[PDB]
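Presented below is the structure to which this report refers.
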Amino acid sequence: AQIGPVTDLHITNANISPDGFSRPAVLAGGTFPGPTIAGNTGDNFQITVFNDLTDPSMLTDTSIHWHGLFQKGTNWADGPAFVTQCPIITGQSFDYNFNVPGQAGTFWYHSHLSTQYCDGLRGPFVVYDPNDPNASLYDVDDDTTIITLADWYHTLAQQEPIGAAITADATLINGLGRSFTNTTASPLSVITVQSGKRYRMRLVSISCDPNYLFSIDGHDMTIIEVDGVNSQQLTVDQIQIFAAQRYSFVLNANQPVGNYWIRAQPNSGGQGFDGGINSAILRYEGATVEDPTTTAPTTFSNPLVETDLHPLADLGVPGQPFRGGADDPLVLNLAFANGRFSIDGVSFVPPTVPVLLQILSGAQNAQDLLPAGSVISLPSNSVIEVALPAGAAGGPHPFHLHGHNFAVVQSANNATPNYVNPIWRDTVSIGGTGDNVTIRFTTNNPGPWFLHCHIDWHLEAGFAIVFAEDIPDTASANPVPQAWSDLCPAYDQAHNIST
Ligand SMILES: *[C@@H]1O[C@H](CO)[C@@H](O[C@@H]2O[C@H](CO)[C@@H](O)[C@H](O)[C@H]2NC(C)=O)[C@H](O)[C@H]1NC(C)=O
Ligand SMILES: *[C@@H]1O[C@H](CO)[C@@H](O[C@@H]2O[C@H](CO)[C@@H](O)[C@H](O)[C@H]2NC(C)=O)[C@H](O)[C@H]1NC(C)=O
Ligand SMILES: [Cu+2]
Ligand SMILES: [Cu+2]
Ligand SMILES: [Cu+2]
Ligand SMILES: [Cu+2]
Ligand code: NA
Numbered sequence: 001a002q003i004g005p006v007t008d009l010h011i012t013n014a015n016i017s018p019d020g021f022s023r024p025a026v027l028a029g030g031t032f033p034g035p036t037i038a039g040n041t042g043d044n045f046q047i048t049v050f051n052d053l054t055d056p057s058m059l060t061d062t063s064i065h066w067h068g069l070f071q072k073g074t075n076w077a078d079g080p081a082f083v084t085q086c087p088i089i090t091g092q093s094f095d096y097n098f099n100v101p102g103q104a105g106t107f108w109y110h111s112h113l114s115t116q117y118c119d120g121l122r123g124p125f126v127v128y129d130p131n132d133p134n135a136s137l138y139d140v141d142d143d144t145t146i147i148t149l150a151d152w153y154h155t156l157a158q159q160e161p162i163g164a165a166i167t168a169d170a171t172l173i174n175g176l177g178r179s180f181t182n183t184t185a186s187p188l189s190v191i192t193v194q195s196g197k198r199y200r201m202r203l204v205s206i207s208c209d210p211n212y213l214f215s216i217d218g219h220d221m222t223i224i225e226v227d228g229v230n231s232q233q234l235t236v237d238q239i240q241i242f243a244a245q246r247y248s249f250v251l252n253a254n255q256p257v258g259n260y261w262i263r264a265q266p267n268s269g270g271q272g273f274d275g276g277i278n279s280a281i282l283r284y285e286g287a288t289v290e291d292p293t294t295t296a297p298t299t300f301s302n303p304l305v306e307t308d309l310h311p312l313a314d315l316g317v318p319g320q321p322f323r324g325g326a327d328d329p330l331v332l333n334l335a336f337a338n339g340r341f342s343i344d345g346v347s348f349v350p351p352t353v354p355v356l357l358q359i360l361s362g363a364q365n366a367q368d369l370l371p372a373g374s375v376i377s378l379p380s381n382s383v384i385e386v387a388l389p390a391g392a393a394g395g396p397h398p399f400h401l402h403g404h405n406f407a408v409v410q411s412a413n414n415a416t417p418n419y420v421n422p423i424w425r426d427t428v429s430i431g432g433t434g435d436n437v438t439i440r441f442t443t444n445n446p447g448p449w450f451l452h453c454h455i456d457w458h459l460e461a462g463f464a465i466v467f468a469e470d471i472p473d474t475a476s477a478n479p480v481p482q483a484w485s486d487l488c489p490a491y492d493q494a495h496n497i498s499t
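For reference, each letter of the sequence shown is one residue, going 1 to 499 in the deposited numbering.
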């Protein structure tokens, strides 16, 4: 069952064996992935998060981010530790009480402390639209049509060297999959469809690192949503999905009744499908209960290319139709050396006082804010352009901005900008050497918004900055509840920190 929009959510430690290898984890709702949190557009969500964690090897503090929800007027509920709150300590709880005006689509939630989400605290978050403009394109859209793609590690996150090329031990599809080494024939996930029906498949990358080449043997996929933004219909036979991205696609169950492989090939770790790694099963009602015998093609003739995507609505692009044609045009220098990433010469290290609390206490320009050099102020009601030229090791880097989505004016692997009708999204691959992926948005949401690579190992190694958007209006726009004001005293008391 789905839970929400008003629910408790317990965060616990437990052993799990999603690929047949047992290890301890950090879990929401006792499962991997966590339960789906759902509601309708415009609903009030009140997710009371109970921190019941006791195992220090995966951290006993926690904080949860609602990925892709704008949090307008509720910056305090966004979740990134040391940016919008101090962590929740064990044996305490915290009500994330916010609203989702003007958004409907496929989202997710995850720990936003250190690399803790890798250890298991990740699940889907869906905001349905009762008047969805795409409703007539499918028959079925429910918890059974959500498809999660996850990387899974046998080594605990806090034992992963900072800045390393960290590699997973299994791909999990809907929580199940087989290990790349010492492969055992442990259970694969089954997605069941009825011949003739059309399904809104909600494809969610809950990855900590790899991107996946996702396809379904014998089937194509008609994309209708990108990171929460409705798209024009685009039919493809393969989707390359980067960490934290989401797509909805229509699956037409129009092939002969039978069993078909679902494939998710990561860019690192195990390559291919031997022993059923990187796989799940699409089963038609009435098919024999047996593994598929289908084959992938040698190449995919209609793969997703990001510049083919266009919004369903006339969203346009803010600003003027040329590079630098914005009120505040930025170019970030994105680098990696010696185990640490940097942005504009500064490697992100979380401050002791959360950025939002520094601003509410009166720090009112970005040079007064800590970490020094890691906070950039944005002016209010202005068009912002951010170029993100690639080249830093460990790519392709999927960059994500909190508090916003953005027009993708220039995509990976294509030097041509689009100032007319590019897709809008919230997490974008910045591509490869020589690319100049560029995003635009308007500043109508005061507060500190994190900008970072969503490969969680890279964030931990410093690949982040904070946009302090409209510092002067942050306090009036974001009144804070007492429980939020209580978090930093409680956390600092528990950890013997002075401030
Ligand atoms: C990416 O595009 C940005 C502009 O969006 C380019 O920025 C210019 O960089 C040159 C020096 O490289 C400066 O003279 C300009 O002031 C910058 N802003 C402009 C022209 O609007 C950036 O060079 C591009 N990077 C790559 C790798 O192509
Ligand atoms: C490279 O990106 C550009 C810009 O998004 C794409 O150019 C568009 O191509 C569409 C489809 O043919 C045309 O309708 C638009 O007028 C083009 N826009 C511009 C600004 O040129 C281009 O197709 C992409 N390249 C590849 C190989 O997909
Ligand atoms: Cu996220
Ligand atoms: Cu986010
Ligand atoms: Cu990265
Ligand atoms: Cu984040
Ligand atoms: Na415009």
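C-beta atoms are modelled at their ideal positions from N, C-alpha and C, and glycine is treated no differently.
Alpha carbons only, please: which of the options is nearest the one belonging to residue i?
i, options, result
"residue 476", "62, 69, 61, 74", "74"
"residue 196", "27, 359, 140, 104", "140"
"residue 225", "61, 133, 361", "133"
"residue 1", "314, 138, 145", "145"
"residue 301", "239, 63, 232, 147", "239"
"residue 70", "490, 227, 82", "227"
"residue 297", "305, 325, 326, 262", "262"
"residue 365", "192, 448, 294", "448"
"residue 119", "323, 43, 59, 283", "59"
"residue 190", "340, 216, 208", "216"
"residue 79", "484, 472, 497", "484"
"residue 404", "388, 420, 435, 439", "439"
"residue 463", "334, 40, 207", "334"
"residue 337", "285, 198, 162, 207", "162"
"residue 6", "22, 16, 39, 177", "39"
"residue 192", "167, 210, 143", "143"
"residue 394", "371, 420, 339, 358", "339"
"residue 155", "284, 349, 419, 167", "167"
"residue 207", "474, 490, 493, 458", "458"
"residue 452", "231, 209, 480, 234", "209"
"residue 22", "176, 10, 44, 412", "176"
"residue 474", "317, 256, 358", "358"
"residue 478", "61, 99, 152", "99"
"residue 460", "499, 157, 257, 194", "157"
"residue 250", "266, 375, 232, 152", "232"
"residue 29", "396, 355, 10, 267", "10"
Can you name, in chain order, every residue of its own chain whose Cβ lies under 8 Å from the Cβ of residue i, other than the five neighbours on each side?
i, result
"residue 378", "328, 384, 443, 467, 468, 469, 470"
"residue 487", "85, 86, 87, 88, 94"
Using C-beta distances below 7 Å, list every residue in its chain close to residue i, excluding the 5 sequence neighbours before and after it, in chain order.
i, result
"residue 391", "433"
"residue 180", "169, 170, 269, 270, 277"
"residue 260", "216, 217, 218, 219, 282, 292, 294"
"residue 20", "179, 184, 186"
"residue 247", "203, 223, 225, 226, 239, 241"
"residue 325", "319"
"residue 130", "40"
So, residue i versus residue j, is the Cβ gap smaller than 9 Å?
i, j, result
"residue 346", "residue 319", "no"
"residue 105", "residue 126", "yes"
"residue 128", "residue 67", "no"
"residue 53", "residue 90", "yes"
"residue 380", "residue 303", "no"
"residue 426", "residue 117", "no"
"residue 88", "residue 63", "yes"
"residue 222", "residue 254", "no"
"residue 503", "residue 389", "The shown model of the chain, from 1 to 499, leaves out residue 503, and the question about it has no answer."
"residue 107", "residue 353", "no"
"residue 33", "residue 174", "yes"
"residue 151", "residue 234", "no"
Excluding the five sequence neighbours on either side, which residues of its own chain have a C-beta within less than 6 Å of the C-beta of residue i, listed in chain order?
i, result
"residue 291", "none"
"residue 417", "409, 410"
"residue 12", "27, 52"
"residue 48", "8, 93, 95"
"residue 97", "46"
"residue 72", "445"
Any residue with its C-beta under 5 Å from a non-hydrogen atom of ligand 4 counts. Can you list them all in chain order? Here the residues come out as 67, 402.
Can you list the residues near ligand 2, meaning Cβ strictly closer than 6 Å to any non-hydrogen atom, in the order they appear in the chain? Proximity annotation: ligand 2 has residues 305, 307, 414, 416, 418 in chain order, each selected because its CB is closer than 6 Å to a heavy atom of the ligand.
What are the complete beta strand (DSSP E) segments, minimum 3 residues, inside the stretch 76-133? 93-99, 105-111, 122-128, all fully within the stretch 76-133.
Can you pull every residue whose C-beta falls closer than 6 Å to some heavy atom of ligand 5, listed in chain order? Selection output, chain order preserved: 394, 397, 453, 455, 458, 463.
Using a strict less-than 5 Å threshold between each residue's beta carbon and the heavy atoms of ligand 1, what residues do you get? Counting every residue whose Cβ lies closer than 5 Å to a heavy atom of ligand 1, we get 323, 324, 331, 387, 389, 436.
Got a list of residues with beta-carbon closer than 5 Å to any non-hydrogen atom of ligand 7, in chain order? The filter returns 316, 317, in chain order.
Please specify which runs of the beta strand (DSSP E), each continuous and at least 3 residues long, are wholly inside the stretch 168-249, giving them in chain order. Look at the stretch 168-249 and you find these whole runs of beta strand (DSSP E), each 3 residues long or longer: 170-173, 190-193, 198-205, 212-216, 221-226, 229-236, 239-241.
Length at least 3, wholly inside the stretch 44-79: the beta strand (DSSP E) runs in chain order: Fully enclosed beta strand (DSSP E) runs of 3 or longer: 44-51, 64-67.
Pick out the complete beta strand (DSSP E) segments inside the stretch 257-308, 3 residues or longer, and give them in chain order. Those beta strand (DSSP E) runs which fall completely within the stretch 257-308 and span 3+ residues are 259-266, 279-284.
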